[PDB]
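Dropping protein_31.pdb in here (PDB, C-alpha atoms):
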ATOM      1  CA  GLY A   1     -11.576 -18.634 -22.798
ATOM      2  CA  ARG A   2     -11.243 -15.159 -21.348
ATOM      3  CA  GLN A   3      -7.651 -14.724 -22.236
ATOM      4  CA  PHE A   4      -6.153 -14.517 -18.763
ATOM      5  CA  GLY A   5      -8.578 -16.564 -16.693
ATOM      6  CA  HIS A   6      -8.163 -20.026 -18.158
ATOM      7  CA  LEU A   7      -4.494 -19.763 -19.177
ATOM      8  CA  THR A   8      -2.898 -22.339 -16.915
ATOM      9  CA  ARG A   9      -2.855 -23.613 -13.361
ATOM     10  CA  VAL A  10      -0.161 -22.280 -11.041
ATOM     11  CA  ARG A  11       0.429 -22.811  -7.353
ATOM     12  CA  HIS A  12       2.298 -21.073  -4.556
ATOM     13  CA  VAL A  13       4.219 -18.357  -6.353
ATOM     14  CA  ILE A  14       4.583 -14.997  -4.634
ATOM     15  CA  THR A  15       5.419 -11.593  -6.098
ATOM     16  CA  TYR A  16       6.802  -8.396  -4.551
ATOM     17  CA  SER A  17       6.810  -4.929  -6.109
ATOM     18  CA  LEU A  18       6.583  -1.201  -5.428
ATOM     19  CA  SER A  19       5.025   1.887  -6.876
ATOM     20  CA  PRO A  20       7.302   3.338  -9.575
ATOM     21  CA  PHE A  21       7.457   6.544  -7.557
ATOM     22  CA  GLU A  22       9.057   4.602  -4.719
ATOM     23  CA  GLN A  23      12.249   4.313  -6.750
ATOM     24  CA  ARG A  24      14.325   6.039  -9.421
ATOM     25  CA  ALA A  25      14.848   5.669 -13.149
ATOM     26  CA  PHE A  26      18.609   5.380 -12.600
ATOM     27  CA  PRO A  27      19.329   3.032  -9.685
ATOM     28  CA  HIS A  28      23.073   3.020 -10.278
ATOM     29  CA  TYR A  29      22.484   2.729 -14.005
ATOM     30  CA  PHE A  30      26.084   3.516 -14.936
ATOM     31  CA  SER A  31      27.810   1.740 -12.076
ATOM     32  CA  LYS A  32      25.801  -1.452 -12.114
ATOM     33  CA  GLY A  33      25.146  -1.887 -15.817
ATOM     34  CA  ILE A  34      28.529  -1.073 -17.338
ATOM     35  CA  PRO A  35      30.049  -4.414 -16.235
ATOM     36  CA  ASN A  36      27.131  -6.302 -17.764
ATOM     37  CA  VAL A  37      28.316  -5.103 -21.169
ATOM     38  CA  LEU A  38      31.089  -7.653 -21.176
ATOM     39  CA  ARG A  39      29.309 -10.851 -20.169
ATOM     40  CA  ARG A  40      26.961 -10.402 -23.104
ATOM     41  CA  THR A  41      29.508  -8.807 -25.424
ATOM     42  CA  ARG A  42      31.916 -11.630 -24.644
ATOM     43  CA  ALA A  43      29.221 -14.313 -24.765
ATOM     44  CA  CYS A  44      28.415 -14.375 -28.476
ATOM     45  CA  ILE A  45      31.577 -12.697 -29.773
ATOM     46  CA  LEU A  46      33.234 -16.080 -29.492
ATOM     47  CA  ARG A  47      30.625 -17.489 -31.813
ATOM     48  CA  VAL A  48      29.992 -14.750 -34.349
ATOM     49  CA  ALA A  49      32.712 -12.310 -35.440
ATOM     50  CA  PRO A  50      35.353 -14.583 -37.032
ATOM     51  CA  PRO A  51      33.393 -15.471 -40.188
ATOM     52  CA  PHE A  52      33.225 -11.809 -41.137
ATOM     53  CA  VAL A  53      36.969 -11.385 -40.750
ATOM     54  CA  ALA A  54      37.432 -14.040 -43.413
ATOM     55  CA  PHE A  55      35.098 -12.056 -45.641
ATOM     56  CA  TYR A  56      36.994  -8.812 -45.119
ATOM     57  CA  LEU A  57      40.178 -10.504 -46.246
ATOM     58  CA  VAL A  58      38.474 -11.825 -49.363
ATOM     59  CA  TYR A  59      37.280  -8.281 -49.924
ATOM     60  CA  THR A  60      40.830  -6.996 -50.142
ATOM     61  CA  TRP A  61      42.193 -10.365 -51.239
ATOM     62  CA  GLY A  62      40.179 -10.684 -54.417
ATOM     63  CA  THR A  63      40.262  -6.981 -55.144
ATOM     64  CA  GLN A  64      44.033  -7.098 -55.057
ATOM     65  CA  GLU A  65      43.763 -10.378 -56.932
ATOM     66  CA  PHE A  66      41.528  -8.580 -59.378
ATOM     67  CA  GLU A  67      43.656  -5.476 -59.542
ATOM     68  CA  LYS A  68      46.838  -6.817 -61.110
ATOM     69  CA  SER A  69      44.857  -9.079 -63.410
ATOM     70  CA  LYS A  70      43.834  -6.073 -65.460
ATOM     71  CA  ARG A  71      45.472  -2.959 -64.163
ATOM     72  CA  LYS A  72      48.914  -3.639 -65.624
ATOM     73  CA  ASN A  73      49.115  -5.079 -69.125
ATOM     74  CA  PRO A  74      52.931  -4.733 -69.321
ATOM     75  CA  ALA A  75      53.036  -7.228 -66.481
ATOM     76  CA  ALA A  76      52.811 -10.812 -67.703
ATOM     77  CA  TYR A  77      53.740  -9.621 -71.165
ATOM     78  CA  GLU A  78      55.591  -6.430 -70.748
ATOM     79  CA  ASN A  79      55.195  -4.062 -73.655
ATOM     80  CA  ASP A  80      57.981  -6.010 -75.304
ATOM     81  CA  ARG A  81      55.951  -8.150 -77.673
TER
ATOM     82  CA  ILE B 127       5.687 -22.152  28.249
ATOM     83  CA  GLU B 128       5.854 -25.373  26.298
ATOM     84  CA  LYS B 129       2.137 -26.118  26.522
ATOM     85  CA  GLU B 130       1.194 -22.742  25.074
ATOM     86  CA  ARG B 131       4.053 -22.867  22.576
ATOM     87  CA  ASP B 132       2.724 -26.189  21.339
ATOM     88  CA  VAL B 133      -0.826 -24.884  21.566
ATOM     89  CA  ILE B 134       0.323 -21.804  19.696
ATOM     90  CA  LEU B 135       2.328 -23.788  17.157
ATOM     91  CA  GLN B 136      -0.898 -25.733  16.820
ATOM     92  CA  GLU B 137      -2.787 -22.495  16.220
ATOM     93  CA  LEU B 138      -0.172 -20.762  14.055
ATOM     94  CA  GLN B 139      -0.357 -23.616  11.592
ATOM     95  CA  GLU B 140      -4.146 -23.763  11.937
ATOM     96  CA  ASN B 141      -4.586 -20.018  11.439
ATOM     97  CA  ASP B 142      -3.902 -20.572   7.722
ATOM     98  CA  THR B 143      -7.514 -21.694   7.280
ATOM     99  CA  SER B 144      -9.275 -18.310   6.871
ATOM    100  CA  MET B 145      -8.102 -16.384   3.832
ATOM    101  CA  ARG B 146      -9.535 -13.307   5.489
ATOM    102  CA  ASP B 147      -7.136 -12.999   8.401
ATOM    103  CA  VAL B 148      -4.518 -14.147   5.930
ATOM    104  CA  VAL B 149      -4.709 -11.273   3.493
ATOM    105  CA  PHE B 150      -4.594  -8.458   6.077
ATOM    106  CA  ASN B 151      -1.066  -8.827   7.342
ATOM    107  CA  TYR B 152       0.224  -8.783   3.783
ATOM    108  CA  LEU B 153      -1.269  -5.352   3.421
ATOM    109  CA  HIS B 154       0.469  -3.972   6.503
ATOM    110  CA  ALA B 155       3.865  -5.273   5.386
ATOM    111  CA  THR B 156       3.033  -3.862   2.001
ATOM    112  CA  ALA B 157       3.170  -0.183   2.984
ATOM    113  CA  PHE B 158       4.363  -0.371   6.575
ATOM    114  CA  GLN B 159       7.485  -2.346   5.855
ATOM    115  CA  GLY B 160      10.304  -0.626   7.664
ATOM    116  CA  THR B 161       8.375  -0.092  10.906
ATOM    117  CA  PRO B 162       7.188  -2.576  13.527
ATOM    118  CA  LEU B 163       3.618  -1.531  12.763
ATOM    119  CA  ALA B 164       3.344  -3.962   9.864
ATOM    120  CA  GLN B 165       4.509  -7.047  11.751
ATOM    121  CA  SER B 166       2.351  -9.960  12.831
ATOM    122  CA  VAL B 167       0.664  -9.815  16.179
ATOM    123  CA  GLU B 168       1.679 -13.413  16.711
ATOM    124  CA  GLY B 169       5.049 -12.921  15.053
ATOM    125  CA  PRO B 170       7.345 -15.497  13.488
ATOM    126  CA  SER B 171       6.815 -19.173  14.230
ATOM    127  CA  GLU B 172      10.419 -19.318  15.359
ATOM    128  CA  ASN B 173      10.339 -16.906  18.316
ATOM    129  CA  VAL B 174       7.325 -18.952  19.384
ATOM    130  CA  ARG B 175       9.899 -21.663  19.994
ATOM    131  CA  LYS B 176      12.706 -19.267  20.858
ATOM    132  CA  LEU B 177      11.173 -17.268  23.702
ATOM    133  CA  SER B 178      12.463 -17.248  27.264
ATOM    134  CA  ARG B 179      10.242 -15.729  29.900
ATOM    135  CA  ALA B 180      13.027 -13.303  30.738
ATOM    136  CA  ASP B 181      12.022 -11.177  27.738
ATOM    137  CA  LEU B 182       8.469 -11.644  28.944
ATOM    138  CA  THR B 183       9.256 -10.323  32.412
ATOM    139  CA  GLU B 184      11.395  -7.710  30.679
ATOM    140  CA  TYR B 185       8.540  -6.732  28.418
ATOM    141  CA  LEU B 186       6.285  -7.243  31.409
ATOM    142  CA  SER B 187       8.676  -4.861  33.103
ATOM    143  CA  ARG B 188       8.840  -1.999  30.637
ATOM    144  CA  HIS B 189       5.399  -1.343  29.269
ATOM    145  CA  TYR B 190       3.043  -2.221  32.144
ATOM    146  CA  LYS B 191       3.765   0.823  34.260
ATOM    147  CA  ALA B 192       1.457   3.807  33.880
ATOM    148  CA  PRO B 193       0.569   6.080  31.890
ATOM    149  CA  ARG B 194       0.433   2.979  29.742
ATOM    150  CA  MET B 195      -2.207   1.624  32.095
ATOM    151  CA  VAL B 196      -5.817   2.768  31.735
ATOM    152  CA  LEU B 197      -8.684   1.625  33.966
ATOM    153  CA  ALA B 198     -12.448   1.971  33.721
ATOM    154  CA  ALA B 199     -15.734   0.107  34.197
ATOM    155  CA  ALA B 200     -19.428   0.655  33.575
ATOM    156  CA  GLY B 201     -22.677  -0.561  35.075
ATOM    157  CA  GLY B 202     -24.854   0.503  37.971
ATOM    158  CA  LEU B 203     -21.702   1.941  39.540
ATOM    159  CA  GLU B 204     -21.444   5.653  39.724
ATOM    160  CA  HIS B 205     -18.003   6.954  40.620
ATOM    161  CA  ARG B 206     -17.372   7.466  44.324
ATOM    162  CA  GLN B 207     -18.333   3.961  45.384
ATOM    163  CA  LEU B 208     -15.810   2.939  42.751
ATOM    164  CA  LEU B 209     -13.071   5.332  43.821
ATOM    165  CA  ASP B 210     -13.156   4.146  47.429
ATOM    166  CA  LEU B 211     -12.708   0.531  46.350
ATOM    167  CA  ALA B 212     -10.412   1.627  43.563
ATOM    168  CA  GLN B 213      -7.960   2.609  45.821
ATOM    169  CA  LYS B 214      -4.989   0.817  47.212
ATOM    170  CA  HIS B 215      -3.251  -1.709  45.086
ATOM    171  CA  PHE B 216      -3.132  -0.079  42.265
ATOM    172  CA  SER B 217      -3.053   3.170  44.039
ATOM    173  CA  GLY B 218      -0.472   1.847  43.762
ATOM    174  CA  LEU B 219       1.690  -1.200  43.068
ATOM    175  CA  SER B 220       3.261   0.951  40.412
ATOM    176  CA  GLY B 221       2.309   0.523  37.749
ATOM    177  CA  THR B 222       4.831   3.282  37.872
ATOM    178  CA  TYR B 223       5.827   6.166  35.759
ATOM    179  CA  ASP B 224       9.574   6.619  35.417
ATOM    180  CA  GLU B 225      10.758   6.590  31.817
ATOM    181  CA  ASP B 226      10.932   3.305  29.859
ATOM    182  CA  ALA B 227      11.701   5.702  27.009
ATOM    183  CA  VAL B 228       8.761   7.943  25.937
ATOM    184  CA  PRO B 229       6.243   7.074  24.611
ATOM    185  CA  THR B 230       8.151   5.449  22.085
ATOM    186  CA  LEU B 231       6.490   5.458  18.679
ATOM    187  CA  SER B 232       7.612   6.583  15.241
ATOM    188  CA  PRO B 233       6.012   7.703  11.960
ATOM    189  CA  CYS B 234       5.426   4.566   9.945
ATOM    190  CA  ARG B 235       6.296   4.413   6.291
ATOM    191  CA  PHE B 236       3.490   4.472   3.739
ATOM    192  CA  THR B 237       4.592   2.550   0.694
ATOM    193  CA  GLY B 238       2.886   2.337  -2.680
ATOM    194  CA  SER B 239       3.465  -1.272  -3.704
ATOM    195  CA  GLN B 240       1.809  -4.623  -4.332
ATOM    196  CA  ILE B 241       1.715  -8.139  -2.979
ATOM    197  CA  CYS B 242       0.618 -11.161  -5.008
ATOM    198  CA  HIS B 243       0.465 -14.766  -3.804
ATOM    199  CA  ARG B 244      -0.903 -16.753  -6.725
ATOM    200  CA  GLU B 245      -2.535 -20.057  -5.876
ATOM    201  CA  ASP B 246      -5.025 -21.711  -8.209
ATOM    202  CA  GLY B 247      -6.607 -24.362  -5.998
ATOM    203  CA  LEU B 248      -9.237 -22.492  -4.014
ATOM    204  CA  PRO B 249     -12.585 -21.357  -5.464
ATOM    205  CA  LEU B 250     -12.351 -17.651  -4.703
ATOM    206  CA  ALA B 251      -9.834 -14.890  -4.129
ATOM    207  CA  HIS B 252     -10.173 -12.518  -1.224
ATOM    208  CA  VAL B 253      -9.124  -9.141  -2.520
ATOM    209  CA  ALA B 254      -9.135  -5.790  -0.760
ATOM    210  CA  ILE B 255      -7.531  -2.445  -1.564
ATOM    211  CA  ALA B 256      -6.354   0.465   0.554
ATOM    212  CA  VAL B 257      -4.581   3.800   0.891
ATOM    213  CA  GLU B 258      -3.125   5.365   4.020
ATOM    214  CA  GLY B 259      -5.036   7.921   6.053
ATOM    215  CA  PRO B 260      -4.948  10.344   8.961
ATOM    216  CA  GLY B 261      -4.364   9.613  12.636
ATOM    217  CA  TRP B 262      -6.923   9.000  15.363
ATOM    218  CA  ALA B 263      -7.496  12.562  16.419
ATOM    219  CA  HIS B 264      -8.328  14.908  13.587
ATOM    220  CA  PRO B 265     -11.431  16.606  12.173
ATOM    221  CA  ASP B 266     -11.040  14.594   8.994
ATOM    222  CA  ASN B 267     -11.486  11.530  11.192
ATOM    223  CA  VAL B 268     -15.139  12.518  11.125
ATOM    224  CA  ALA B 269     -15.670  13.024   7.383
ATOM    225  CA  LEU B 270     -14.217   9.640   6.586
ATOM    226  CA  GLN B 271     -16.919   7.990   8.665
ATOM    227  CA  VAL B 272     -19.546   9.232   6.228
ATOM    228  CA  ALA B 273     -17.260   8.569   3.277
ATOM    229  CA  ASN B 274     -17.760   4.814   3.619
ATOM    230  CA  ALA B 275     -21.391   5.402   4.514
ATOM    231  CA  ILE B 276     -21.779   6.366   0.863
ATOM    232  CA  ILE B 277     -20.687   3.158  -0.862
ATOM    233  CA  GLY B 278     -22.645   0.745   1.259
ATOM    234  CA  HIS B 279     -21.803  -2.921   0.963
ATOM    235  CA  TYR B 280     -23.224  -6.051  -0.646
ATOM    236  CA  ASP B 281     -22.906  -9.781   0.059
ATOM    237  CA  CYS B 282     -24.610 -12.924  -1.182
ATOM    238  CA  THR B 283     -27.505 -13.388   1.211
ATOM    239  CA  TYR B 284     -28.539  -9.813   1.910
ATOM    240  CA  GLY B 285     -32.183  -9.322   1.076
ATOM    241  CA  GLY B 286     -31.013  -6.368  -0.981
TER
END

Take the structure in the file and give it back as structure tokens.
Amino acid sequence: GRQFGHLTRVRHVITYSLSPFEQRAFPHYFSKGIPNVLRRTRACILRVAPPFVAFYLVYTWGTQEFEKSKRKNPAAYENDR
Amino acid sequence: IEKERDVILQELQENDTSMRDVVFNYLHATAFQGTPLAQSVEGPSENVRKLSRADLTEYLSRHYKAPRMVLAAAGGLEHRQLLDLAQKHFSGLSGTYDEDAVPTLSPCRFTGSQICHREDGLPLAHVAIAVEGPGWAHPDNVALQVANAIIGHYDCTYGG
């Protein structure tokens, strides 16, 4: 019904909070957060990056593979005959 | 000591029945966290078990000397016929004044915050709201009396 009223039934949870003025917008932002970078940046990086690396090779790989194929005619047949 | 403790442990667990007296203490701890002011009168269930009457006598000792003590009475009595039979106990038994610090109190912290205990069983939710205010003695102490006189109050069965 009324969006919040009839949502669900919940029992014996307790919540604790302050006015925003009670605290600061940078509670050791640098110091505390900078480590957190790794645990997330390491978490997925196992799962994600490598496929692209393969691509990047192909990028140069085929290009190079392309390049000779045309660029030099006096290659397979040199200009002799 | 054990009788009362059990009686109190009886009560402490029974005191959970009236949501009214419940919600108050939350509010104290809400702002007045950091000072003893916010704490329960009856305190943690554990000290109820954990108390030796030494601390009692000790707390009997400290705070029951004067100026802490204040005595009065009212009725057909005037003053003199009191003061005569006031006199010697409790002229007196002292009831003292030495130090026991002085008079120790501290400014209590006033904290903008919230407390939420969500429980869906009961029919209704007691809710009250507050902001801190001046001390006992002050002119403003007067104006605030009429402040609440403005809003009035309503409940179910008033003939309002």

Return the neighbours of chain A among the residues of chain B, cut-off 7 Å, counting all atoms listed in the file, as a PDB file with C-alpha atoms, in the coordinates of the input.
ATOM      1  CA  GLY B 238       2.886   2.337  -2.680  1.00  0.00           C
ATOM      2  CA  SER B 239       3.465  -1.272  -3.704  1.00  0.00           C
ATOM      3  CA  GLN B 240       1.809  -4.623  -4.332  1.00  0.00           C
ATOM      4  CA  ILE B 241       1.715  -8.139  -2.979  1.00  0.00           C
ATOM      5  CA  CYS B 242       0.618 -11.161  -5.008  1.00  0.00           C
ATOM      6  CA  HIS B 243       0.465 -14.766  -3.804  1.00  0.00           C
ATOM      7  CA  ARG B 244      -0.903 -16.753  -6.725  1.00  0.00           C
ATOM      8  CA  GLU B 245      -2.535 -20.057  -5.876  1.00  0.00           C
ATOM      9  CA  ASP B 246      -5.025 -21.711  -8.209  1.00  0.00           C
TER      10      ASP B 246
END

Report, as lines of an AutoDock Vina configuration file, the axis-aligned box around all atoms of segment 46-53 of chain A present in the file, extended by 4 Å on each side; give centre and edge lengths in Å to one decimal place.
center_x = 33.5
center_y = -14.4
center_z = -35.3
size_x = 15.0
size_y = 14.1
size_z = 19.6

- Task: Pull out every residue that the PyMOL selection byres ((chain B and resi 254) around 9) matches in the shown coordinates and put them as a PyMOL selection string.
- Result: chain B and resi 149-150+153+252-253+255-256

- What is the atom CA of residue 173 of chain B to atom CA of residue 138 of chain B distance in Å?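 Atom CA of residue 138 of chain B lies at a distance of 12.0 Å from atom CA of residue 173 of chain B.
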
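The space between atom CA of residue 133 of chain B and atom CA of residue 164 of chain B spans 24.3 Å.
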
- Result set of the PyMOL selection byres ((chain B and resi 189-206) around 6) on the coordinates above, as JSON, numbers by chain: {"B": [188, 207, 208, 209, 221, 222, 223]}

- Find, counting only C-alpha atoms, the residue in B:130, B:210, B:140, B:147 that gets nearest to residue 174 of chain B. B:130

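Taking atom CA of residue 45 of chain A and atom CA of residue 30 of chain A as endpoints, the distance between them is 22.7 Å.
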
- Message: Need to verify the contact set: residue 166 of chain B, 9 Å, all atoms listed in the file, exclusion of same-chain residues closer than 2 positions in sequence. Can you return it as a VMD selection string?
- Response: chain B and resid 151 154 to 155 162 to 164 168 to 170

- Task: Tell me which residues the PyMOL selection byres ((chain B and resi 237) around 7) grabs here, as a VMD selection string.
- Result: chain B and resid 156 to 158 235 to 236 238 to 239

Missing atoms in segment 16-29 of chain A: fill them in up to N, CA, C and O atoms and send the result as a PDB file, in the coordinates of the input.
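That gives us selection20.pdb:
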ATOM      1  N   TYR A  16       6.545  -9.567  -5.377  1.00  0.00           N
ATOM      2  CA  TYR A  16       6.802  -8.396  -4.551  1.00  0.00           C
ATOM      3  C   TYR A  16       7.200  -7.223  -5.432  1.00  0.00           C
ATOM      4  O   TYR A  16       8.119  -7.345  -6.247  1.00  0.00           O
ATOM      5  N   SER A  17       6.519  -6.086  -5.272  1.00  0.00           N
ATOM      6  CA  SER A  17       6.810  -4.929  -6.109  1.00  0.00           C
ATOM      7  C   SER A  17       6.320  -3.655  -5.440  1.00  0.00           C
ATOM      8  O   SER A  17       5.537  -3.688  -4.491  1.00  0.00           O
ATOM      9  N   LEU A  18       6.778  -2.530  -5.983  1.00  0.00           N
ATOM     10  CA  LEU A  18       6.583  -1.201  -5.428  1.00  0.00           C
ATOM     11  C   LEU A  18       5.876  -0.309  -6.434  1.00  0.00           C
ATOM     12  O   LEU A  18       5.818  -0.610  -7.625  1.00  0.00           O
ATOM     13  N   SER A  19       5.369   0.816  -5.950  1.00  0.00           N
ATOM     14  CA  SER A  19       5.025   1.887  -6.876  1.00  0.00           C
ATOM     15  C   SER A  19       6.267   2.333  -7.635  1.00  0.00           C
ATOM     16  O   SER A  19       7.376   2.275  -7.092  1.00  0.00           O
ATOM     17  N   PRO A  20       6.138   2.787  -8.883  1.00  0.00           N
ATOM     18  CA  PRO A  20       7.302   3.338  -9.575  1.00  0.00           C
ATOM     19  C   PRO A  20       7.823   4.600  -8.933  1.00  0.00           C
ATOM     20  O   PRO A  20       9.007   4.917  -9.089  1.00  0.00           O
ATOM     21  N   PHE A  21       6.985   5.333  -8.210  1.00  0.00           N
ATOM     22  CA  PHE A  21       7.457   6.544  -7.557  1.00  0.00           C
ATOM     23  C   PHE A  21       8.366   6.214  -6.386  1.00  0.00           C
ATOM     24  O   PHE A  21       9.170   7.047  -5.956  1.00  0.00           O
ATOM     25  N   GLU A  22       8.252   4.998  -5.862  1.00  0.00           N
ATOM     26  CA  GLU A  22       9.057   4.602  -4.719  1.00  0.00           C
ATOM     27  C   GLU A  22      10.539   4.602  -5.054  1.00  0.00           C
ATOM     28  O   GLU A  22      11.382   4.686  -4.156  1.00  0.00           O
ATOM     29  N   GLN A  23      10.877   4.523  -6.332  1.00  0.00           N
ATOM     30  CA  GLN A  23      12.249   4.313  -6.750  1.00  0.00           C
ATOM     31  C   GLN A  23      12.606   5.283  -7.873  1.00  0.00           C
ATOM     32  O   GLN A  23      11.827   6.170  -8.230  1.00  0.00           O
ATOM     33  N   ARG A  24      13.809   5.128  -8.413  1.00  0.00           N
ATOM     34  CA  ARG A  24      14.325   6.039  -9.421  1.00  0.00           C
ATOM     35  C   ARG A  24      14.541   5.333 -10.743  1.00  0.00           C
ATOM     36  O   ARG A  24      14.653   4.106 -10.809  1.00  0.00           O
ATOM     37  N   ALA A  25      14.597   6.142 -11.798  1.00  0.00           N
ATOM     38  CA  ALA A  25      14.848   5.669 -13.149  1.00  0.00           C
ATOM     39  C   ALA A  25      16.316   5.424 -13.414  1.00  0.00           C
ATOM     40  O   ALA A  25      16.671   5.055 -14.535  1.00  0.00           O
ATOM     41  N   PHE A  26      17.185   5.659 -12.439  1.00  0.00           N
ATOM     42  CA  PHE A  26      18.609   5.380 -12.600  1.00  0.00           C
ATOM     43  C   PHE A  26      19.187   4.834 -11.307  1.00  0.00           C
ATOM     44  O   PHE A  26      20.074   5.441 -10.695  1.00  0.00           O
ATOM     45  N   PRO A  27      18.725   3.654 -10.866  1.00  0.00           N
ATOM     46  CA  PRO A  27      19.329   3.032  -9.685  1.00  0.00           C
ATOM     47  C   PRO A  27      20.711   2.500  -9.995  1.00  0.00           C
ATOM     48  O   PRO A  27      20.881   1.312 -10.275  1.00  0.00           O
ATOM     49  N   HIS A  28      21.698   3.390  -9.983  1.00  0.00           N
ATOM     50  CA  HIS A  28      23.073   3.020 -10.278  1.00  0.00           C
ATOM     51  C   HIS A  28      23.164   2.452 -11.685  1.00  0.00           C
ATOM     52  O   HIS A  28      23.817   1.437 -11.936  1.00  0.00           O
ATOM     53  N   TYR A  29      22.463   3.117 -12.603  1.00  0.00           N
ATOM     54  CA  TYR A  29      22.484   2.729 -14.005  1.00  0.00           C
ATOM     55  C   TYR A  29      23.910   2.543 -14.503  1.00  0.00           C
ATOM     56  O   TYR A  29      24.322   1.425 -14.828  1.00  0.00           O
TER      57      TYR A  29
END
